[PDB]
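A.B. asks: So here's entry.cif, just mmCIF, N, CA and C atoms:
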data_entry
#
loop_
_atom_site.label_atom_id
_atom_site.label_comp_id
_atom_site.auth_asym_id
_atom_site.auth_seq_id
_atom_site.Cartn_x
_atom_site.Cartn_y
_atom_site.Cartn_z
N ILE A 17 -34.24 -15.04 -37.17
CA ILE A 17 -35.36 -14.44 -36.46
C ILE A 17 -36.67 -14.90 -37.09
N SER A 18 -36.63 -16.07 -37.74
CA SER A 18 -37.82 -16.60 -38.39
C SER A 18 -38.92 -16.84 -37.36
N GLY A 19 -40.15 -16.50 -37.74
CA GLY A 19 -41.29 -16.66 -36.86
C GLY A 19 -41.80 -15.34 -36.33
N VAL A 20 -43.09 -15.08 -36.53
CA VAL A 20 -43.68 -13.83 -36.05
C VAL A 20 -43.65 -13.83 -34.53
N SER A 21 -42.92 -12.87 -33.96
CA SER A 21 -42.84 -12.76 -32.52
C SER A 21 -44.17 -12.26 -31.95
N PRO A 22 -44.44 -12.54 -30.67
CA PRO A 22 -45.70 -12.08 -30.08
C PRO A 22 -45.69 -10.63 -29.63
N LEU A 23 -44.52 -10.05 -29.36
CA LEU A 23 -44.42 -8.71 -28.81
C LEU A 23 -43.29 -7.95 -29.49
N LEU A 24 -43.46 -6.64 -29.58
CA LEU A 24 -42.41 -5.75 -30.07
C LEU A 24 -41.50 -5.37 -28.92
N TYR A 25 -40.20 -5.52 -29.12
CA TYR A 25 -39.25 -5.15 -28.08
C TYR A 25 -39.38 -3.67 -27.75
N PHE A 26 -39.44 -3.37 -26.46
CA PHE A 26 -39.45 -2.02 -25.94
C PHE A 26 -38.39 -1.91 -24.85
N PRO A 27 -37.92 -0.70 -24.57
CA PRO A 27 -36.90 -0.54 -23.52
C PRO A 27 -37.40 -1.10 -22.20
N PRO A 28 -36.54 -1.78 -21.44
CA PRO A 28 -37.00 -2.37 -20.18
C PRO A 28 -37.14 -1.34 -19.06
N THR A 29 -37.10 -0.06 -19.41
CA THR A 29 -37.28 0.97 -18.40
C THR A 29 -38.64 0.80 -17.73
N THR A 30 -38.63 0.41 -16.46
CA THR A 30 -39.86 0.27 -15.68
C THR A 30 -39.71 1.02 -14.37
N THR A 31 -38.48 1.10 -13.86
CA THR A 31 -38.15 1.92 -12.70
C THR A 31 -37.92 3.35 -13.20
N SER A 32 -39.02 4.03 -13.51
CA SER A 32 -38.93 5.37 -14.08
C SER A 32 -38.14 6.30 -13.17
N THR A 33 -38.32 6.17 -11.86
CA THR A 33 -37.64 7.01 -10.88
C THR A 33 -36.60 6.14 -10.17
N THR A 34 -35.33 6.33 -10.53
CA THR A 34 -34.21 5.66 -9.87
C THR A 34 -33.12 6.72 -9.70
N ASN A 35 -33.15 7.39 -8.55
CA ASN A 35 -32.24 8.50 -8.31
C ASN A 35 -30.79 8.04 -8.38
N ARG A 36 -29.97 8.82 -9.08
CA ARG A 36 -28.55 8.51 -9.18
C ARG A 36 -27.90 8.43 -7.80
N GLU A 37 -28.37 9.23 -6.84
CA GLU A 37 -27.76 9.23 -5.52
C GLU A 37 -27.91 7.87 -4.85
N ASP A 38 -29.10 7.27 -4.93
CA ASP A 38 -29.31 5.96 -4.31
C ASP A 38 -28.41 4.90 -4.94
N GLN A 39 -28.30 4.91 -6.27
CA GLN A 39 -27.47 3.92 -6.94
C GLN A 39 -26.01 4.05 -6.52
N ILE A 40 -25.51 5.29 -6.45
CA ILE A 40 -24.12 5.49 -6.05
C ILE A 40 -23.95 5.19 -4.57
N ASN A 41 -24.98 5.42 -3.76
CA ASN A 41 -24.90 5.05 -2.35
C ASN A 41 -24.77 3.54 -2.19
N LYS A 42 -25.58 2.78 -2.93
CA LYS A 42 -25.49 1.32 -2.87
C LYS A 42 -24.14 0.84 -3.38
N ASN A 43 -23.65 1.44 -4.46
CA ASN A 43 -22.32 1.08 -4.96
C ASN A 43 -21.26 1.33 -3.90
N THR A 44 -21.37 2.45 -3.18
CA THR A 44 -20.40 2.75 -2.13
C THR A 44 -20.47 1.71 -1.02
N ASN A 45 -21.68 1.36 -0.58
CA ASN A 45 -21.82 0.41 0.51
C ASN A 45 -21.25 -0.95 0.12
N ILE A 46 -21.54 -1.41 -1.09
CA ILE A 46 -20.97 -2.67 -1.56
C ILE A 46 -19.46 -2.57 -1.64
N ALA A 47 -18.96 -1.45 -2.16
CA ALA A 47 -17.51 -1.27 -2.27
C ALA A 47 -16.85 -1.30 -0.90
N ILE A 48 -17.46 -0.64 0.09
CA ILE A 48 -16.90 -0.65 1.43
C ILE A 48 -16.89 -2.06 2.00
N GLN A 49 -17.98 -2.80 1.80
CA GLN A 49 -18.06 -4.16 2.34
C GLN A 49 -16.98 -5.05 1.76
N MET A 50 -16.79 -4.99 0.44
CA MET A 50 -15.77 -5.81 -0.19
C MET A 50 -14.38 -5.42 0.28
N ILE A 51 -14.12 -4.11 0.41
CA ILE A 51 -12.81 -3.65 0.85
C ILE A 51 -12.52 -4.15 2.26
N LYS A 52 -13.50 -4.08 3.15
CA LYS A 52 -13.30 -4.55 4.51
C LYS A 52 -12.97 -6.04 4.53
N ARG A 53 -13.68 -6.83 3.74
CA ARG A 53 -13.41 -8.27 3.70
C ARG A 53 -12.02 -8.55 3.14
N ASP B 58 52.71 10.72 35.64
CA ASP B 58 53.03 11.97 34.97
C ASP B 58 53.69 11.80 33.61
N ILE B 59 54.30 10.64 33.32
CA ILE B 59 55.09 10.49 32.11
C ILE B 59 54.63 9.29 31.29
N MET B 60 54.57 8.11 31.91
CA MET B 60 54.41 6.87 31.16
C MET B 60 52.97 6.67 30.69
N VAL B 61 52.04 6.57 31.63
CA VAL B 61 50.64 6.38 31.27
C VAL B 61 50.16 7.46 30.30
N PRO B 62 50.46 8.74 30.51
CA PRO B 62 50.09 9.74 29.51
C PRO B 62 50.62 9.44 28.12
N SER B 63 51.88 9.03 28.02
CA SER B 63 52.46 8.75 26.72
C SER B 63 51.74 7.60 26.04
N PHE B 64 51.43 6.55 26.79
CA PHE B 64 50.76 5.41 26.17
C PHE B 64 49.32 5.73 25.80
N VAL B 65 48.65 6.57 26.58
CA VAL B 65 47.31 7.03 26.19
C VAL B 65 47.38 7.82 24.89
N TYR B 66 48.36 8.72 24.80
CA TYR B 66 48.56 9.50 23.59
C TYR B 66 48.81 8.60 22.40
N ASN B 67 49.58 7.53 22.61
CA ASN B 67 49.81 6.57 21.54
C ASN B 67 48.54 5.83 21.16
N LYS B 68 47.67 5.56 22.13
CA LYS B 68 46.43 4.85 21.84
C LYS B 68 45.47 5.68 21.01
N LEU B 69 45.45 6.99 21.24
CA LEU B 69 44.38 7.83 20.69
C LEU B 69 44.09 7.59 19.21
N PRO B 70 45.07 7.58 18.31
CA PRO B 70 44.74 7.52 16.87
C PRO B 70 43.97 6.27 16.47
N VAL B 71 44.43 5.11 16.93
CA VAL B 71 43.79 3.85 16.55
C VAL B 71 42.36 3.81 17.05
N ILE B 72 42.14 4.23 18.29
CA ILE B 72 40.79 4.23 18.84
C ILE B 72 39.89 5.16 18.05
N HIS B 73 40.40 6.35 17.71
CA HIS B 73 39.60 7.28 16.93
C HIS B 73 39.21 6.67 15.59
N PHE B 74 40.17 6.04 14.92
CA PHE B 74 39.90 5.41 13.63
C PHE B 74 38.85 4.31 13.77
N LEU B 75 38.98 3.47 14.79
CA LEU B 75 38.05 2.37 14.97
C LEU B 75 36.65 2.87 15.28
N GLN B 76 36.54 3.92 16.09
CA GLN B 76 35.22 4.45 16.42
C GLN B 76 34.58 5.11 15.20
N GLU B 77 35.37 5.79 14.38
CA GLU B 77 34.82 6.32 13.13
C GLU B 77 34.30 5.20 12.24
N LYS B 78 35.07 4.12 12.12
CA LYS B 78 34.61 2.98 11.33
C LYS B 78 33.34 2.39 11.91
N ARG B 79 33.25 2.32 13.24
CA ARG B 79 32.05 1.78 13.88
C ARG B 79 30.83 2.63 13.58
N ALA B 80 30.98 3.96 13.65
CA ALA B 80 29.86 4.84 13.33
C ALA B 80 29.45 4.69 11.87
N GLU B 81 30.43 4.58 10.97
CA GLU B 81 30.11 4.34 9.57
C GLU B 81 29.36 3.03 9.40
N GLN B 82 29.75 2.01 10.15
CA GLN B 82 29.06 0.73 10.09
C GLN B 82 27.62 0.87 10.56
N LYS B 83 27.39 1.64 11.62
CA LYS B 83 26.03 1.86 12.10
C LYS B 83 25.19 2.54 11.03
N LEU B 84 25.74 3.58 10.40
CA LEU B 84 25.00 4.27 9.35
C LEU B 84 24.71 3.34 8.18
N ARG B 85 25.68 2.52 7.81
CA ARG B 85 25.49 1.58 6.71
C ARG B 85 24.38 0.59 7.03
N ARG B 86 24.36 0.09 8.26
CA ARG B 86 23.30 -0.84 8.66
C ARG B 86 21.94 -0.15 8.64
N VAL B 87 21.89 1.11 9.08
CA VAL B 87 20.64 1.85 9.05
C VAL B 87 20.13 1.97 7.62
N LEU B 88 21.02 2.32 6.70
CA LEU B 88 20.61 2.46 5.30
C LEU B 88 20.18 1.12 4.71
N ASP B 89 20.90 0.05 5.02
CA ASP B 89 20.65 -1.24 4.39
C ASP B 89 19.30 -1.83 4.77
N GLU B 90 18.74 -1.44 5.91
CA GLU B 90 17.47 -1.99 6.36
C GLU B 90 16.26 -1.30 5.75
N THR B 91 16.46 -0.27 4.94
CA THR B 91 15.36 0.49 4.35
C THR B 91 14.90 -0.20 3.07
N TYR B 92 13.64 -0.61 3.05
CA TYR B 92 13.01 -1.15 1.86
C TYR B 92 11.66 -0.47 1.66
N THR B 93 11.35 -0.16 0.41
CA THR B 93 10.06 0.43 0.07
C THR B 93 9.01 -0.66 -0.02
N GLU B 94 7.96 -0.54 0.79
CA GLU B 94 6.89 -1.53 0.83
C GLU B 94 5.78 -1.09 -0.12
N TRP B 95 5.61 -1.82 -1.21
CA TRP B 95 4.54 -1.56 -2.17
C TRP B 95 3.31 -2.34 -1.74
N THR B 96 2.26 -1.63 -1.34
CA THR B 96 1.04 -2.27 -0.90
C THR B 96 0.15 -2.61 -2.08
N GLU B 97 -0.67 -3.63 -1.90
CA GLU B 97 -1.61 -4.09 -2.91
C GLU B 97 -3.03 -3.86 -2.41
N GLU B 98 -3.86 -3.25 -3.25
CA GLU B 98 -5.23 -2.90 -2.89
C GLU B 98 -6.20 -3.58 -3.85
N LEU B 99 -7.35 -3.96 -3.31
CA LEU B 99 -8.35 -4.69 -4.08
C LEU B 99 -8.68 -3.98 -5.38
N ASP B 100 -8.54 -4.70 -6.49
CA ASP B 100 -8.85 -4.13 -7.79
C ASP B 100 -10.32 -3.73 -7.86
N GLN B 101 -10.57 -2.54 -8.40
CA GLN B 101 -11.93 -2.03 -8.49
C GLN B 101 -12.77 -2.75 -9.53
N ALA B 102 -12.14 -3.52 -10.43
CA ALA B 102 -12.91 -4.26 -11.42
C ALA B 102 -13.84 -5.27 -10.75
N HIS B 103 -13.35 -5.95 -9.72
CA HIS B 103 -14.20 -6.88 -8.99
C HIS B 103 -15.36 -6.15 -8.33
N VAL B 104 -15.10 -4.95 -7.80
CA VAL B 104 -16.17 -4.15 -7.22
C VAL B 104 -17.21 -3.84 -8.29
N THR B 105 -16.76 -3.45 -9.48
CA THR B 105 -17.69 -3.18 -10.56
C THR B 105 -18.46 -4.43 -10.95
N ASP B 106 -17.79 -5.58 -10.96
CA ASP B 106 -18.47 -6.83 -11.30
C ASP B 106 -19.54 -7.16 -10.27
N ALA B 107 -19.22 -7.00 -8.98
CA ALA B 107 -20.21 -7.28 -7.94
C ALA B 107 -21.38 -6.32 -8.03
N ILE B 108 -21.12 -5.06 -8.38
CA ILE B 108 -22.20 -4.10 -8.56
C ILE B 108 -23.13 -4.57 -9.67
N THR B 109 -22.57 -5.05 -10.78
CA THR B 109 -23.39 -5.53 -11.88
C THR B 109 -24.24 -6.72 -11.44
N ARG B 110 -23.65 -7.66 -10.72
CA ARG B 110 -24.40 -8.83 -10.27
C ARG B 110 -25.55 -8.42 -9.36
N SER B 111 -25.32 -7.46 -8.47
CA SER B 111 -26.38 -6.99 -7.59
C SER B 111 -27.55 -6.42 -8.37
N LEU B 112 -27.28 -5.86 -9.55
CA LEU B 112 -28.34 -5.33 -10.39
C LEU B 112 -29.19 -6.42 -11.03
N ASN B 113 -28.78 -7.68 -10.91
CA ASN B 113 -29.45 -8.85 -11.48
C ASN B 113 -29.20 -8.97 -12.98
N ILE B 114 -28.30 -8.17 -13.53
CA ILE B 114 -27.98 -8.24 -14.95
C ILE B 114 -27.40 -9.62 -15.27
#
Can you give me the file's structure in the form of structure tokens?
C.D. replies:
Amino acid sequence: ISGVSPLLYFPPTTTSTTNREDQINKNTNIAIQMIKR
Amino acid sequence: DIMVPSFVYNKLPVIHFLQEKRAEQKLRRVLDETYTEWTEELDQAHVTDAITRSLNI
């Protein structure tokens, strides 16, 4: 890790609001699509 | 009244035996055609992998 880095690592959390329901809904839709294929 | 009846009576046992054997054969054929069909379903690991790719990870 030699060399002074320009920035301090911070969590990549930028989508502060990401409802669990939407994520599981998208997972379901992808799962359904793959199953149908 | 005498002859045909006697010969029918003589026939009865063999025919009964053969028909019993035939019914047993039918049952045996019915049993022999039964096979359990194990179905295969898409592994969920691939679904999880595709979910990860969609996240751009």
A.B. asks: Suppose a student applies the PyMOL selection byres ((chain A) within 8 of (chain B)) to this structure; what residues should they get, written as a PDB file with N, CA and C atoms, in the frame of the given file?
C.D. replies:
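As a result, part05.pdb now contains:
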ATOM      1  N   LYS A  42     -25.580   2.780  -2.930  1.00  0.00           N
ATOM      2  CA  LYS A  42     -25.490   1.320  -2.870  1.00  0.00           C
ATOM      3  C   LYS A  42     -24.140   0.840  -3.380  1.00  0.00           C
ATOM      4  N   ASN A  43     -23.650   1.440  -4.460  1.00  0.00           N
ATOM      5  CA  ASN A  43     -22.320   1.080  -4.960  1.00  0.00           C
ATOM      6  C   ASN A  43     -21.260   1.330  -3.900  1.00  0.00           C
ATOM      7  N   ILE A  46     -21.540  -1.410  -1.090  1.00  0.00           N
ATOM      8  CA  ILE A  46     -20.970  -2.670  -1.560  1.00  0.00           C
ATOM      9  C   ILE A  46     -19.460  -2.570  -1.640  1.00  0.00           C
ATOM     10  N   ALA A  47     -18.960  -1.450  -2.160  1.00  0.00           N
ATOM     11  CA  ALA A  47     -17.510  -1.270  -2.270  1.00  0.00           C
ATOM     12  C   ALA A  47     -16.850  -1.300  -0.900  1.00  0.00           C
ATOM     13  N   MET A  50     -16.790  -4.990   0.440  1.00  0.00           N
ATOM     14  CA  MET A  50     -15.770  -5.810  -0.190  1.00  0.00           C
ATOM     15  C   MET A  50     -14.380  -5.420   0.280  1.00  0.00           C
ATOM     16  N   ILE A  51     -14.120  -4.110   0.410  1.00  0.00           N
ATOM     17  CA  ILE A  51     -12.810  -3.650   0.850  1.00  0.00           C
ATOM     18  C   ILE A  51     -12.520  -4.150   2.260  1.00  0.00           C
TER      19      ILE A  51
END
A.B. asks: Could you pull out the residues in chain A that DSSP calls alpha helix (DSSP H) from the backbone, as a list in words?
C.D. replies: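 Here are the alpha helix (DSSP H) residues of chain A: residues 36, 37, 38, 39, 40, 41, 42, 43, 44, 45, 46, 47, 48, 49, 50, 51 and 52 of chain A.
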A.B. asks: Just write the chosen residues, N, CA and C atoms, as a compact mmCIF listing (two decimals), keeping the file's coordinate frame.
C.D. replies:
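Output file selection-v3.txt follows:
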# COMPACT_ATOMS: atom_id res chain seq x y z
N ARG A 36 -29.97 8.82 -9.08
CA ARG A 36 -28.55 8.51 -9.18
C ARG A 36 -27.90 8.43 -7.80
N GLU A 37 -28.37 9.23 -6.84
CA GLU A 37 -27.76 9.23 -5.52
C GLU A 37 -27.91 7.87 -4.85
N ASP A 38 -29.10 7.27 -4.93
CA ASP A 38 -29.31 5.96 -4.31
C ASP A 38 -28.41 4.90 -4.94
N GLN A 39 -28.30 4.91 -6.27
CA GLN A 39 -27.47 3.92 -6.94
C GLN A 39 -26.01 4.05 -6.52
N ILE A 40 -25.51 5.29 -6.45
CA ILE A 40 -24.12 5.49 -6.05
C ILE A 40 -23.95 5.19 -4.57
N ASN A 41 -24.98 5.42 -3.76
CA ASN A 41 -24.90 5.05 -2.35
C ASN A 41 -24.77 3.54 -2.19
N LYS A 42 -25.58 2.78 -2.93
CA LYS A 42 -25.49 1.32 -2.87
C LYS A 42 -24.14 0.84 -3.38
N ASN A 43 -23.65 1.44 -4.46
CA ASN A 43 -22.32 1.08 -4.96
C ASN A 43 -21.26 1.33 -3.90
N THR A 44 -21.37 2.45 -3.18
CA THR A 44 -20.40 2.75 -2.13
C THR A 44 -20.47 1.71 -1.02
N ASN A 45 -21.68 1.36 -0.58
CA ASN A 45 -21.82 0.41 0.51
C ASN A 45 -21.25 -0.95 0.12
N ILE A 46 -21.54 -1.41 -1.09
CA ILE A 46 -20.97 -2.67 -1.56
C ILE A 46 -19.46 -2.57 -1.64
N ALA A 47 -18.96 -1.45 -2.16
CA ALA A 47 -17.51 -1.27 -2.27
C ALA A 47 -16.85 -1.30 -0.90
N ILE A 48 -17.46 -0.64 0.09
CA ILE A 48 -16.90 -0.65 1.43
C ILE A 48 -16.89 -2.06 2.00
N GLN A 49 -17.98 -2.80 1.80
CA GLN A 49 -18.06 -4.16 2.34
C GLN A 49 -16.98 -5.05 1.76
N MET A 50 -16.79 -4.99 0.44
CA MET A 50 -15.77 -5.81 -0.19
C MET A 50 -14.38 -5.42 0.28
N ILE A 51 -14.12 -4.11 0.41
CA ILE A 51 -12.81 -3.65 0.85
C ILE A 51 -12.52 -4.15 2.26
N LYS A 52 -13.50 -4.08 3.15
CA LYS A 52 -13.30 -4.55 4.51
C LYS A 52 -12.97 -6.04 4.53
A.B. asks: First collect every listed atom of segment 32-51 of chain A; then fit an axis-aligned box around them, widen it by 3 Å on each side, and give centre and edge lengths in Å to one decimal, as JSON.
C.D. replies:
{"center_x": -25.8, "center_y": 1.7, "center_z": -5.9, "size_x": 32.5, "size_y": 21.0, "size_z": 22.4}
A.B. asks: Rounded to one decimal in Å, what is the spacing between atom N of residue 66 of chain B and atom C of residue 83 of chain B?
C.D. replies: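 Between atom N of residue 66 of chain B and atom C of residue 83 of chain B the gap works out to 27.7 Å.
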A.B. asks: Do you have the atom C of residue 39 of chain A-atom N of residue 96 of chain B distance handy?
C.D. replies: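 Going from atom C of residue 39 of chain A over to atom N of residue 96 of chain B covers 29.3 Å.
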A.B. asks: One decimal, Å: what's the distance from atom CA of residue 45 of chain A over to atom CA of residue 29 of chain A, could you say?
C.D. replies: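 For atom CA of residue 45 of chain A relative to atom CA of residue 29 of chain A, the distance reads 24.4 Å.
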